[PDB]
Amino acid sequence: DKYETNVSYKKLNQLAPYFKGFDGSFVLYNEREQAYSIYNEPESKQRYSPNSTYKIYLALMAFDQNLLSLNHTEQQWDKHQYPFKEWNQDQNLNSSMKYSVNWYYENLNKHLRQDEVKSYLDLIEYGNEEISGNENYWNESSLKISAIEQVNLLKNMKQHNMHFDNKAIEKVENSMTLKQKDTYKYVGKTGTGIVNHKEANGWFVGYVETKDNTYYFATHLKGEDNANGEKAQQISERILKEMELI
């Protein structure tokens, strides 16, 4: 599925070497100039399972539904042993996001009404809005979003155009804050998805907020293997340093 937009963008073709091994895309939005820059425009419109980057909105939804309160984000670990040790304990919003603990977000979804969620995705324009596929519709399932839409949503959230509480947004933003300096705030969320037993869907979405601007971005990777959140973030970090933002 494909996101249709005839928005203008600066071409970022010389980012191609960063995507060696991948069908990848990089979208930047410059809040002040109100301007997109894109490596690989066709790939920037292709919709893919957002995977773990969906946790961001799943969190905003749980807040809005008073499923999460500002001083109540803690969830009990039910004692199931996972392949990654960070998951094998109680979590709060911050840790759940830092370690990408799926069960935290699967509990959030389990307690939201599918129809409230459908309504949210309609409001926020979350890609194809297909949550019909399975229970974990955001994991290599029916729900798909493009790198450019990932940027539009972050921008819309941060410019308070989503009907979510400002403190809800602040909490969610804090949970994905990777670096906090005098001169910038650096926020992001990774995503990995497996198809055909290979890491084939890599996301890193976020933004850098400086003292006079905010540069929202999304990097997406598609490839035979090693297309993962970590690689996507590594690629994004290189690109962002080279534009001199991080």
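Start at 1 and count along the sequence shown; that's the residue number.
**Q** Select between 175 to 183 and 190 to 198 the stretch whose C-alpha atoms have the higher average B-factor in the entry.
**A** Of 190 to 198 and 175 to 183, the stretch with the higher C-alpha B-factor average is 175 to 183.
**Q** How does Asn51 rank on Cα B-factor within its chain, lowest, middle or highest third?
**A** Lowest third.
**Q** In terms of the chain's CA B-factor thirds, is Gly223 lowest, middle or highest?
**A** Tercile = highest for this residue's CA B-factor.
**Q** Pull the Cα B-factor of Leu70 out of the PDB entry and bin it into the chain's lowest, middle or highest third.
**A** For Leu70, the deposited C-alpha B-factor lands in the highest third.
**Q** Sorting the chain's CA B-factors, does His163 end up in the lowest, middle or highest third?
**A** For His163, the deposited C-alpha B-factor lands in the highest third.
**Q** Give the position of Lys155 by CA B-factor within its chain, expressed as the lowest, middle or highest third.
**A** According to the entry, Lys155 has a C-alpha B-factor in the chain's middle third.
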